[PDB]
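Report on one structure; see the data block that follows.
Residue numbers (the authors' numbering), protein chains in the order written: chain S, 349 to 398; chain G, 200 to 249; chain H, 6 to 62.
Structure below.
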């Protein structure tokens with residue numbers, strides 16, 4: 349059902365949608381849409397469970 | 200803590216195709232079409248409460 | 006359709022005025038400081054008819 353209500357279909361649209369959800373303003377690109385998602389749960393300088 | 204999104208969008212954001220996503224939560228059921236009919240990989244334990 | 010039906014059917018009347026609910030069930034770019042006052046104005050005060058003044062606006 350979750351997939352049934354999912355607009356995105358690949359990785360680009362996913363990262364872009366997340367980018368527009370987090371930072372609603374500037375047009376989502378490639379580097380920004382990726383680096384933003386990486387600096388959320390996949391970077392020591394931006395995420396740490398200690 | 201922002202607006203809600205389908206929890207499969209992060210999976211796609213982790214480079215997961217829809218087929219791969221389906222093969223990560225659910226158990227698959229294979230059907231065969233042989234001798235002009237429909238067969239099924241029956242699992243007795245799965246028939247509980249049906 | 007979407008916004009109207011969801012807002013009306015849900016808020017009946019959401020009891021404690023559950024604000025942190027339907028604001029996510031809205032489109033466009035979120036986290037604004039503009040759309041806020043347009044929801045805290047309709048829910049209470051002029052009840053019943055105000056919920057009919059909301060959609061038309």
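Backbone N, C-alpha and C fix where the C-beta goes; we use that ideal spot for every residue, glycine too.
Starting from residue 364 (chain S), trace the alpha helix (DSSP H) in both directions and tell me its first and last residue.
Under the DSSP assignment, residue 364 (chain S) falls in the alpha helix (DSSP H) whose first and last residues are 359-370.
Can you say whether residue 241 (chain G) is buried or exposed, counting buried as having 16 or more other CB atoms within 10 angstroms of its CB?
Looking at its Cβ environment, which holds fewer than 16 other Cβ atoms inside 10 Å, residue 241 (chain G) is exposed.
Under 7 Å Cβ-Cβ, which residues of chain S neighbour residue 223 (chain G)?
Correct list: empty, because the minimum Cβ distance to chain S is about 12 Å.
What's the call for residue 15 (chain H), buried or exposed, on a 16-neighbour Cβ count within 10 Å?
Under this definition residue 15 (chain H) is an exposed residue.
Assign residue 230 (chain G) to one of three DSSP states: helix, strand, or coil.
Strand.
Over the uninterrupted alpha helix (DSSP H) stretch that includes residue 15 (chain H), give me the two end residues.
Residue 15 (chain H) -> alpha helix (DSSP H) spans 7-15.
Distance between residue 229 (chain G) and residue 30 (chain H) (C-alpha atoms, nearest Å)
Approximately 38 Å, taken between the alpha carbons.
Shorter than 9 Å from the beta carbon of residue 374 (chain S) to some beta carbon of chain G?
Not closer than 9 Å to any Cβ of chain G, the Cβ of residue 374 (chain S) fails to qualify, so no.
Which residues in chain G sit within 8 Å of residue 350 (chain S), going by Cβ to Cβ distance?
Those are 205, 206 and 207, listed as they occur along chain G.
Would you verify that the beta carbon of residue 201 (chain G) is, or is not, closer than 9 Å to some beta carbon of chain S?
Interface residue (Cβ-Cβ distance to chain S less than 9 Å): residue 201 (chain G) is classified as such.
How far does the alpha helix (DSSP H) with residue 385 (chain S) in it reach, from first residue to last?
Unbroken alpha helix (DSSP H) run through residue 385 (chain S): 379-389.
Limits of the unbroken alpha helix (DSSP H) element including residue 211 (chain G)
First-last of the alpha helix (DSSP H) with residue 211 (chain G): 208-212.
In angstroms with no decimal places, state the Cα-to-Cα distance between residue 239 (chain G) and residue 226 (chain G).
Computed Cα separation, rounded: 14 Å.
Contacting positions in the region 33-44 of chain H - beta carbon closer than 9 Å to chain S:
Cβ contacts with chain S come from 33, 34, 35, 36 and 37.
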